[PDB]
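Participant: One structure, as structure tokens, below. Some questions next.
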Amino acid sequence: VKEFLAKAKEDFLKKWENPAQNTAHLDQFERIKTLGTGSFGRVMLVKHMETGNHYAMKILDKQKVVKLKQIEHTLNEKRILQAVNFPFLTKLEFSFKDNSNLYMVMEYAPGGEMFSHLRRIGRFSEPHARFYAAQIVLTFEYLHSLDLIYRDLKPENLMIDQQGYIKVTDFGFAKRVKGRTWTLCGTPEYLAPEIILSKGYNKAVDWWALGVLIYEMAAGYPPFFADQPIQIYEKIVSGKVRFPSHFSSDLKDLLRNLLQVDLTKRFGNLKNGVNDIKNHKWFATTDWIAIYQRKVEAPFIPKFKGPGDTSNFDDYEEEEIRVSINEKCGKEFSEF
Amino acid sequence: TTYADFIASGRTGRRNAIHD
Ligand SMILES: Cc1n[nH]c2ccc(-c3cncc(OC[C@@H](N)Cc4c[nH]c5ccccc45)c3)cc12
């Protein structure tokens, strides 16, 4: 495991220092449907014509990225995802840019997002939540060993694949940092108290966010909610959490140790690091090798309909991919 | 119930990342 991590780091470092660039072109793909949107732009199902492989293609508008002050963060996202390789995230298969846009092409996860399944079902059993949680613990172990902080854990970002496993998606705030960092970013419900309080923070925010996720998966709502973000932040910084009565003892105990304001006590952050989590009692029934190797049966598999089936996603207005005759923001994105 | 308070709240749909 120390050894697995060492080799993964050597592989990651080579790509990190010598990033792949301009590895496809838009005309090599057929666009089939928009799967999702946000401030970043759009994610589309596309088919690579040469192979007939389907992929998710994220399309960013350079001028919008500039207006949003996300140049460096977008550069981070692309440089990271082209360099990683892990079962529960989607590295870049291809990337490129044109006059107007930035493109990132990744493995397509057909099952939809956890968020939609979670809301519809209400909540997940502790076993069901533990299956997903384990995939997160392993991805964070991997990411943090590479000096990467993720900074946006939430159900909306966890895409379900055909086997019922998870892909962590949207690395718009991921950063390679060896010390502390200061950017106010993330999603209100999932922000650690250090972020809200404008302290310099580290990877421990990712472990706090796991606490929020496990809670939300098991309860059906988040530990800290309200109608407006400022109400949510007061609740986070006070820090008092109430657990549903259906929560097991072991679940509450882990959550007390993840949702811990005291950084000297927050699990994931201590001298034993990720093993405080992996060896906590709530995970006692978890075989971490079988999870990595995807040999455990998923508590929920979405129905096979086709490798390009989009029915586990919403419908969105389908707008064009307009490519200017003039190159926008050349210097800003020169390394992309 | 807490469940009823959540479902009646304005934040049961997909939540966006923050902007400053
Ligand atoms: C669906 C899918 N298969 N593979 C990938 C890789 C990467 C993404 C992805 C990339 N960039 C941002 C993303 O946003 C996740 C959420 N922040 C927004 C969102 C909510 N529902 C969907 C559905 C489809 C894409 C994005 C979103 C995801 C999606 C997929």
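By convention in this document, the chains of the structure tokens carry letters A, B, ... by their order, each chain's residues are numbered from 1, and ligands are numbered from 1 in the order they are shown.
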Please tabulate, as a Markdown table, the residues of chain B that come within 12 Å of ligand 1, each with its closest pair of atoms and the distance in Å to one decimal, counting only C-alpha atoms and all ligand atoms and ordering rows by chain, then residue number upward.
Facilitator:
```
| residue | atom | partner | partner_atom_place_in_ligand_line | distance |
| --- | --- | --- | --- | --- |
| B:13 | CA | ligand 1 | 20 (C) | 10.2 |
| B:14 | CA | ligand 1 | 20 (C) | 6.8 |
| B:15 | CA | ligand 1 | 17 (N) | 8.3 |
| B:16 | CA | ligand 1 | 17 (N) | 7.0 |
| B:17 | CA | ligand 1 | 17 (N) | 7.4 |
| B:18 | CA | ligand 1 | 17 (N) | 11.2 |
```
Participant: Can I get the selection written as an mmCIF file, in the first residue's frame, with N, CA and C atoms?
Facilitator:
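What ended up in part-v5.cif:
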```cif
data_model
loop_
_atom_site.group_PDB
_atom_site.id
_atom_site.type_symbol
_atom_site.label_atom_id
_atom_site.label_comp_id
_atom_site.auth_asym_id
_atom_site.auth_seq_id
_atom_site.Cartn_x
_atom_site.Cartn_y
_atom_site.Cartn_z
ATOM 1 N N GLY B 13 -32.484 20.692 -4.125
ATOM 2 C CA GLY B 13 -31.997 20.458 -5.467
ATOM 3 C C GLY B 13 -30.477 20.543 -5.519
ATOM 4 N N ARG B 14 -29.966 20.430 -6.728
ATOM 5 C CA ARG B 14 -28.534 20.364 -6.937
ATOM 6 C C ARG B 14 -27.907 21.680 -6.502
ATOM 7 N N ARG B 15 -26.809 21.571 -5.771
ATOM 8 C CA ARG B 15 -26.190 22.720 -5.144
ATOM 9 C C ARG B 15 -24.941 23.058 -5.951
ATOM 10 N N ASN B 16 -24.837 24.333 -6.294
ATOM 11 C CA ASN B 16 -23.704 24.901 -7.024
ATOM 12 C C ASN B 16 -22.537 25.210 -6.082
ATOM 13 N N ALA B 17 -21.342 25.188 -6.657
ATOM 14 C CA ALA B 17 -20.122 25.635 -5.987
ATOM 15 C C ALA B 17 -20.224 27.148 -5.778
ATOM 16 N N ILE B 18 -19.526 27.675 -4.775
ATOM 17 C CA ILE B 18 -19.676 29.106 -4.404
ATOM 18 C C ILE B 18 -18.807 30.040 -5.287
#
```
Participant: Which residues in region 15-255 of chain A does DSSP call alpha helix (DSSP H)? List them as a VMD selection string.
Facilitator: chain A and resid 15 to 17 62 to 67 71 to 83 114 to 121 126 to 145 193 to 196 204 to 219 229 to 238 249 to 255
Participant: Report as a VMD selection string the set of chain A residues whose atoms approach chain B to within 6 Å, with distances computed over only C-alpha atoms.
Facilitator: chain A and resid 186 to 187 227
Participant: Generate the output file for the selected residues, C-alpha atoms, as a PDB file, in the first residue's frame.
Facilitator:
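After the write, again18.pdb holds the following:
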```pdb
ATOM      1  CA  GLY A 186     -16.316  24.425  -2.431  1.00  0.00           C
ATOM      2  CA  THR A 187     -20.101  24.060  -1.821  1.00  0.00           C
ATOM      3  CA  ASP A 227     -32.353  28.227   3.286  1.00  0.00           C
TER       4      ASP A 227
END
```
Participant: Between CA of residue 138 (chain A) and CA of residue 196 (chain A), what is the distance in Å, rounded to a tenth?
Facilitator: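 Here the two named atoms are 26.2 Å from each other.
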Participant: Counting only C-alpha atoms, what is within 8 Å of residue 214 (chain A), bar same-chain residues fewer than 2 positions away, as a ChimeraX atom specification?
Facilitator: /A:129-130,133,210-212,216-218,255
Participant: Keeping only N, CA, C and O atoms, write the selected residues as an mmCIF file, in the first residue's frame.
Facilitator:
```cif
data_model
loop_
_atom_site.group_PDB
_atom_site.id
_atom_site.type_symbol
_atom_site.label_atom_id
_atom_site.label_comp_id
_atom_site.auth_asym_id
_atom_site.auth_seq_id
_atom_site.Cartn_x
_atom_site.Cartn_y
_atom_site.Cartn_z
ATOM 1 N N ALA A 129 -24.147 3.089 2.075
ATOM 2 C CA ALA A 129 -23.356 4.313 2.265
ATOM 3 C C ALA A 129 -21.885 3.981 2.453
ATOM 4 O O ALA A 129 -21.011 4.666 1.907
ATOM 5 N N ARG A 130 -21.628 2.926 3.221
ATOM 6 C CA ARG A 130 -20.272 2.433 3.481
ATOM 7 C C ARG A 130 -19.541 1.983 2.222
ATOM 8 O O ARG A 130 -18.359 2.252 2.106
ATOM 9 N N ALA A 133 -18.660 5.298 0.531
ATOM 10 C CA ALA A 133 -17.681 5.937 1.383
ATOM 11 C C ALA A 133 -16.276 5.363 1.204
ATOM 12 O O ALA A 133 -15.289 6.100 1.122
ATOM 13 N N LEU A 210 -15.923 14.430 3.763
ATOM 14 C CA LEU A 210 -16.354 13.031 3.844
ATOM 15 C C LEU A 210 -17.367 12.818 4.966
ATOM 16 O O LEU A 210 -18.302 12.022 4.838
ATOM 17 N N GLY A 211 -17.157 13.509 6.081
ATOM 18 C CA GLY A 211 -18.077 13.459 7.192
ATOM 19 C C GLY A 211 -19.455 13.919 6.781
ATOM 20 O O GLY A 211 -20.462 13.248 7.069
ATOM 21 N N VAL A 212 -19.499 15.052 6.080
ATOM 22 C CA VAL A 212 -20.758 15.572 5.554
ATOM 23 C C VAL A 212 -21.403 14.592 4.592
ATOM 24 O O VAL A 212 -22.622 14.340 4.675
ATOM 25 N N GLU A 216 -24.954 12.667 5.037
ATOM 26 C CA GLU A 216 -26.030 12.941 4.115
ATOM 27 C C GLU A 216 -26.535 11.663 3.437
ATOM 28 O O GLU A 216 -27.746 11.512 3.190
ATOM 29 N N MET A 217 -25.611 10.770 3.110
ATOM 30 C CA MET A 217 -25.972 9.512 2.485
ATOM 31 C C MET A 217 -26.828 8.672 3.427
ATOM 32 O O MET A 217 -27.819 8.113 2.998
ATOM 33 N N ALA A 218 -26.457 8.621 4.711
ATOM 34 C CA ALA A 218 -27.134 7.784 5.716
ATOM 35 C C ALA A 218 -28.399 8.403 6.292
ATOM 36 O O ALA A 218 -29.334 7.664 6.665
ATOM 37 N N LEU A 255 -18.402 9.815 12.522
ATOM 38 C CA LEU A 255 -18.858 11.164 12.160
ATOM 39 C C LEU A 255 -18.410 12.199 13.163
ATOM 40 O O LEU A 255 -18.073 13.275 12.762
#
```
Participant: Please provide the set of residues having any atom within 12 Å of residue 252 (chain A), restricted to only C-alpha atoms, with same-chain residues fewer than 2 positions apart removed, written as a ChimeraX atom specification.
Facilitator: /A:126,211-212,214-215,218-219,223,241-250,254-260,280-282
Participant: Write to file, as an mmCIF file, in the first residue's frame, the residues of the selection just made, with N, CA and C atoms.
Facilitator:
```
data_model
loop_
_atom_site.group_PDB
_atom_site.id
_atom_site.type_symbol
_atom_site.label_atom_id
_atom_site.label_comp_id
_atom_site.auth_asym_id
_atom_site.auth_seq_id
_atom_site.Cartn_x
_atom_site.Cartn_y
_atom_site.Cartn_z
ATOM 1 N N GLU A 126 -26.773 1.942 5.901
ATOM 2 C CA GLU A 126 -25.392 2.118 6.328
ATOM 3 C C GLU A 126 -24.453 1.281 5.459
ATOM 4 N N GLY A 211 -17.157 13.509 6.081
ATOM 5 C CA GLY A 211 -18.077 13.459 7.192
ATOM 6 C C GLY A 211 -19.455 13.919 6.781
ATOM 7 N N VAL A 212 -19.499 15.052 6.080
ATOM 8 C CA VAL A 212 -20.758 15.572 5.554
ATOM 9 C C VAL A 212 -21.403 14.592 4.592
ATOM 10 N N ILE A 214 -21.003 11.227 4.276
ATOM 11 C CA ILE A 214 -21.484 9.981 4.917
ATOM 12 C C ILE A 214 -22.778 10.268 5.666
ATOM 13 N N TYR A 215 -22.804 11.372 6.396
ATOM 14 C CA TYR A 215 -24.000 11.792 7.088
ATOM 15 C C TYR A 215 -25.150 11.915 6.114
ATOM 16 N N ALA A 218 -26.457 8.621 4.711
ATOM 17 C CA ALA A 218 -27.134 7.784 5.716
ATOM 18 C C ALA A 218 -28.399 8.403 6.292
ATOM 19 N N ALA A 219 -28.455 9.740 6.376
ATOM 20 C CA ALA A 219 -29.623 10.436 6.952
ATOM 21 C C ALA A 219 -30.639 10.865 5.885
ATOM 22 N N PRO A 223 -25.841 17.335 7.587
ATOM 23 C CA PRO A 223 -25.711 17.692 9.027
ATOM 24 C C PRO A 223 -25.975 19.160 9.323
ATOM 25 N N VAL A 241 -23.650 18.780 15.851
ATOM 26 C CA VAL A 241 -24.349 17.912 14.919
ATOM 27 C C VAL A 241 -25.328 17.048 15.694
ATOM 28 N N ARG A 242 -26.502 16.817 15.118
ATOM 29 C CA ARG A 242 -27.483 15.899 15.672
ATOM 30 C C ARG A 242 -27.584 14.725 14.726
ATOM 31 N N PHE A 243 -27.523 13.505 15.254
ATOM 32 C CA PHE A 243 -27.609 12.338 14.415
ATOM 33 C C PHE A 243 -29.024 11.767 14.519
ATOM 34 N N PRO A 244 -29.613 11.384 13.374
ATOM 35 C CA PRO A 244 -30.868 10.624 13.396
ATOM 36 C C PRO A 244 -30.750 9.422 14.357
ATOM 37 N N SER A 245 -31.866 9.011 14.963
ATOM 38 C CA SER A 245 -31.857 7.881 15.900
ATOM 39 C C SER A 245 -31.560 6.560 15.211
ATOM 40 N N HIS A 246 -31.804 6.474 13.906
ATOM 41 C CA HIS A 246 -31.476 5.263 13.204
ATOM 42 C C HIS A 246 -29.963 5.039 13.004
ATOM 43 N N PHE A 247 -29.150 6.061 13.266
ATOM 44 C CA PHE A 247 -27.687 5.951 13.082
ATOM 45 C C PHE A 247 -27.084 4.987 14.099
ATOM 46 N N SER A 248 -26.278 4.043 13.633
ATOM 47 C CA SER A 248 -25.550 3.155 14.532
ATOM 48 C C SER A 248 -24.553 3.934 15.407
ATOM 49 N N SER A 249 -24.160 3.319 16.527
ATOM 50 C CA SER A 249 -23.117 3.871 17.391
ATOM 51 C C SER A 249 -21.827 4.115 16.630
ATOM 52 N N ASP A 250 -21.388 3.116 15.878
ATOM 53 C CA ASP A 250 -20.139 3.224 15.147
ATOM 54 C C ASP A 250 -20.182 4.347 14.132
ATOM 55 N N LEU A 254 -17.525 7.685 14.178
ATOM 56 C CA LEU A 254 -16.760 8.090 13.006
ATOM 57 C C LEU A 254 -17.109 9.529 12.619
ATOM 58 N N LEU A 255 -18.402 9.815 12.522
ATOM 59 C CA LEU A 255 -18.858 11.164 12.160
ATOM 60 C C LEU A 255 -18.410 12.199 13.163
ATOM 61 N N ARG A 256 -18.388 11.889 14.463
ATOM 62 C CA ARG A 256 -17.849 12.844 15.451
ATOM 63 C C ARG A 256 -16.361 13.150 15.197
ATOM 64 N N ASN A 257 -15.641 12.136 14.751
ATOM 65 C CA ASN A 257 -14.220 12.239 14.461
ATOM 66 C C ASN A 257 -13.898 12.863 13.066
ATOM 67 N N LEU A 258 -14.836 12.798 12.113
ATOM 68 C CA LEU A 258 -14.683 13.511 10.813
ATOM 69 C C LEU A 258 -15.189 14.926 10.893
ATOM 70 N N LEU A 259 -16.368 15.097 11.481
ATOM 71 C CA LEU A 259 -16.962 16.425 11.678
ATOM 72 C C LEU A 259 -16.411 17.103 12.960
ATOM 73 N N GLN A 260 -15.093 17.119 13.063
ATOM 74 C CA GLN A 260 -14.403 17.602 14.245
ATOM 75 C C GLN A 260 -13.770 18.941 13.893
ATOM 76 N N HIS A 280 -11.316 2.281 11.530
ATOM 77 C CA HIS A 280 -12.458 2.555 12.404
ATOM 78 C C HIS A 280 -13.468 1.388 12.317
ATOM 79 N N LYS A 281 -14.217 1.172 13.400
ATOM 80 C CA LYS A 281 -15.190 0.060 13.480
ATOM 81 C C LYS A 281 -16.298 0.047 12.426
ATOM 82 N N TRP A 282 -16.790 1.221 12.039
ATOM 83 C CA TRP A 282 -17.817 1.332 11.002
ATOM 84 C C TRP A 282 -17.422 0.717 9.691
#
```
Participant: Would you mind reading off the distance between CA of residue 199 (chain A) and CA of residue 263 (chain A), one decimal, in Å?
Facilitator: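 If I compute the distance from CA of residue 199 (chain A) to CA of residue 263 (chain A), I get 11.9 Å.
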Participant: Please report the interatomic distance between CA of residue 208 (chain A) and CA of residue 13 (chain A) in Å with one decimal.
Facilitator: 27.0 Å
Participant: Go through A:325, A:106, A:209, A:114 and flag the residue nearest residue 301 (chain A), using only C-alpha atoms for the distances.
Facilitator: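 The answer is A:114, which sits nearest to residue 301 (chain A).
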Participant: Do a neighbour search on region 289-291 of chain A at 9 Å with only C-alpha atoms, toss out local chain neighbours closer than 5 positions, and write the hits as a VMD selection string.
Facilitator: chain A and resid 131 134 to 135 138 296
Participant: Go ahead and dump the residues you just picked, N, CA and C atoms, as a PDB file, in the first residue's frame.
Facilitator:
```pdb
ATOM      1  N   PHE A 131     -20.243   1.295   1.311  1.00  0.00           N
ATOM      2  CA  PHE A 131     -19.726   0.933  -0.038  1.00  0.00           C
ATOM      3  C   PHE A 131     -19.232   2.150  -0.825  1.00  0.00           C
ATOM      4  N   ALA A 134     -16.189   4.045   1.132  1.00  0.00           N
ATOM      5  CA  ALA A 134     -14.918   3.340   0.945  1.00  0.00           C
ATOM      6  C   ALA A 134     -14.193   3.762  -0.340  1.00  0.00           C
ATOM      7  N   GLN A 135     -14.962   3.915  -1.418  1.00  0.00           N
ATOM      8  CA  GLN A 135     -14.390   4.382  -2.695  1.00  0.00           C
ATOM      9  C   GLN A 135     -13.858   5.815  -2.561  1.00  0.00           C
ATOM     10  N   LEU A 138     -10.449   5.687  -0.419  1.00  0.00           N
ATOM     11  CA  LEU A 138      -9.363   5.263  -1.314  1.00  0.00           C
ATOM     12  C   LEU A 138      -8.899   6.327  -2.328  1.00  0.00           C
ATOM     13  N   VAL A 296     -16.281  -6.396  -5.062  1.00  0.00           N
ATOM     14  CA  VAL A 296     -17.495  -6.343  -4.246  1.00  0.00           C
ATOM     15  C   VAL A 296     -18.717  -6.031  -5.129  1.00  0.00           C
TER      16      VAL A 296
END
```
Participant: Contacts of residue 236 (chain A) at 8 Å or less, counting only C-alpha atoms, minus same-chain residues fewer than 5 places along, as a ChimeraX atom specification?
Facilitator: /A:191-193,224
Participant: Quick one: of A:308, A:268, A:330, A:172, who's nearest to residue 110 (chain A), counting only C-alpha atoms?
Facilitator: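 Answer, going by the shortest atom-to-atom distance: A:308.
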Participant: When you count only C-alpha atoms, which of these residues is closest to residue 310 (chain A): A:155, A:222, A:36, A:229?
Facilitator: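 For residue 310 (chain A), the nearest of the candidates is A:36.
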